[PDB]
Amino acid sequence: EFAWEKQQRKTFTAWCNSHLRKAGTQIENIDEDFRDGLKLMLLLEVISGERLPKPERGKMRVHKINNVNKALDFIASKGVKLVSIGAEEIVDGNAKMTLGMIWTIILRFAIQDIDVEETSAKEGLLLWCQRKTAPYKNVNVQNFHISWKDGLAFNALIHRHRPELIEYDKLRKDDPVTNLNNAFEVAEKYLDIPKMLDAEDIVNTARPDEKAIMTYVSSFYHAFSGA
């Protein structure tokens, strides 16, 4: 397992759980817990607000294949042409394909419909970050990786919306673990955004995984898009 794979596994698991809690469940092991399709279908129902077809609960491989195909068909119905994702391989436990499928879902259901100043999707999310953090001279959001490493950008995004929650000028660029954990804990407690990044992974990786950071940042957007 490379650095990127570990980061995606942890962050995508946490994101899935932030939704599955609304249906009274959770996953633990992303490599195993979508193989029968049941929680994959439930995830899709939660994030879309829509009902999918009845699943098969019989536990034979055919049932699992049929469930995963219901999930994939639903994704396709939202205008996604799936590439390199197949039900048999999901059921049989292809770890990289499973991460790619969950990223496809995050991108479609959390990022694509973002619209900021006539700019859509990941580009619109980045523009929003840049606009909201513009006042903060010790922040420079240029990307969804290195720009987030020192923790100041996460704190600034919160402070811009909820300044009473962040003592921004007390934050030190040279204390990234403190900064990251501060933002993560404030978001968990006051914004009901579960923690999806580990501070240690962020400071230790030269270029943090941009899919993991986008996943987490997109939850801030949704917490704050009605401001």
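All residue numbers refer to positions in the sequence shown, first residue = 1.
Here the stretch with the larger average CA B-factor, out of 100-108 and 116-124, is 116-124. Look at the C-alpha B-factors of 176-184 and of 198-206. On average they run higher in 198-206. Within the listed group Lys170, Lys70, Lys64, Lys39, the record reports its top CA B-factor for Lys170. In the PDB entry, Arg131 places in the lowest third of its chain by CA B-factor.
Annotation for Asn155: C-alpha temperature factor in the lowest third relative to the rest of the modelled chain, per the entry. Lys211 sits in the lowest third of its chain by CA B factor, as recorded in the PDB entry. When the modelled residues of the chain are ordered by their C-alpha B factor, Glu56 lands in the middle third. Looking at the C-alpha B-factors along this chain, the one for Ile75 belongs to the lowest third.
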